[PDB]
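Quick heads-up: it's one chain on its own, the form deposited in one PDB entry, in structure tokens.
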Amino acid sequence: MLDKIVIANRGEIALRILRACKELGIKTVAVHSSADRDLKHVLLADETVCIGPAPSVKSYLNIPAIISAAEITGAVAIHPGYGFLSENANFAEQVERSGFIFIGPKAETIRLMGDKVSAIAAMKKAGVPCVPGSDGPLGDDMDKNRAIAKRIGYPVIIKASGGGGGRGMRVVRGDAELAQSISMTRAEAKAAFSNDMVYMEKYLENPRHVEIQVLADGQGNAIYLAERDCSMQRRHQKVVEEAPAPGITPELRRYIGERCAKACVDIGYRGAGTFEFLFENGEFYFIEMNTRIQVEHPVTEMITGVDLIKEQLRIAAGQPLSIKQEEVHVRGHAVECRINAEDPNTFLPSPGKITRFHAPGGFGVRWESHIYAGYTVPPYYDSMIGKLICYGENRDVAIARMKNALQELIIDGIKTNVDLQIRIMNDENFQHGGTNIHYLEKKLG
């Protein structure tokens, strides 16, 4: 196994990775900012290194400080987690170049998928169904651009190639808005990503957000581990995730799944990864690929039995996948509620000290969090402070366990979205299943 690794992250995911390392007998190096000396995973790590002050640019995005920490402790690999440098190709490249293993794919694979246009071209070539679109970047010729939009059919969406999530994109519903919308998306992309390249896709009006978890090793094995529905969201921020997706038949699962596995072979993918799709009218349309472990990975683990973080560490060490595709079975159902330190009226981060904490327990209840009684949530990082994942023999049992768990959960001293999560679990449309990406925002309205 890897002897010792640097966990280049913080919070729940850093604790998640630390647990996996200890199971595997891997030594841990917890790199942390000065604000994060009292993190749960830091206090459990074999070795700790303070890599800088609170703001991320000087700590968790500080490439030299992180690599220097790996050098001085004699670590052999770096896990980026999610959300920081985890999809930074230059970082992965620099890590590989410095002599350490980057837990993830090759740097060139990271930048292929970090460029949305070329990612789409790669997937379309490999046989993955995509959104009807421009099939290339848009130029400055508005006659060409209008012809592309006519061919696609209004409404259309303009997207930044260097973009991702909700950055940066606008819907165009007629010719009259097209030129200005391309210009505005370009300007925003140039400012944000130093990449003004944009593409066009047919705008899907009411889709679901269904994504496929994959694993691929260094010995030619590539598997899919079913799907996740992530439609319960607000402004490109996932709120509830669940596995498998309601309404997806075993035969739809293998259809799209096998196509994702083949794409991995074609591109020589390595590690965990997620294929993000829009699902509408029984049809899958690829939009982007995440080349890292995701926040919502625990729901896939519950229903397959596969420890994805352990697999990442096995792959990085040159072990094959511990599971064959024929041995991957979907059993039961899992729901994840993100727990955020946020104000219920503004949805702005609400940091501060937790005065009382109690975690829920029981059969099928998994609590993924670093928080404890007396812990202070800092203002410098993301608002998500924990993940409640509940598993049942079916969807209704999973939701029923979630409601129970949410009621056992005590987090005093700070504002949370626990009451909102309770409302969603009690929502009749959610309880039916299959709600689109716009549902939560219109329920909140």
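All residue numbers are counted from 1 along the displayed sequence.
Compared with other PDB entries of the same protein, residue 165 is missing from at least a third of those that resolve the residues around it. Coordinates for residue 316 are present in every one of the other compared entries of this protein that model residues on both sides of it, well short of the third needed to count it as often missing.
Just going by the entry, 162-170 versus 297-305 on mean CA temperature factor gives the higher value to 162-170. Higher average CA B factor: 172-180, of the stretches 172-180 and 365-373. Compared with the other modelled residues of the chain, the Cα B-factor recorded for residue 19 ranks in the lowest third. Residue 5: CA B factor in the middle third of modelled residues in this chain (values from the PDB entry). For residue 237, the recorded CA temperature factor ranks within the highest third of the chain's modelled residues. When all modelled residues of the chain are sorted by CA temperature factor, residue 219 is found within the middle third. Among all modelled residues in this chain, the alpha-carbon of residue 412 has a temperature factor (C-alpha) in the lowest third.
Here the subject shifts to the form deposited in another entry, a form of this protein not shown in this document.
Look at 362, 205, 153, 249: the residue sitting at the hinge between the shown form and the other one, where one rigid part turns on the other, is 205. Annotation for the pair residue 134/residue 235: C-alpha atoms recede from each other in that other deposited form, by 3 Å or more compared with this form.
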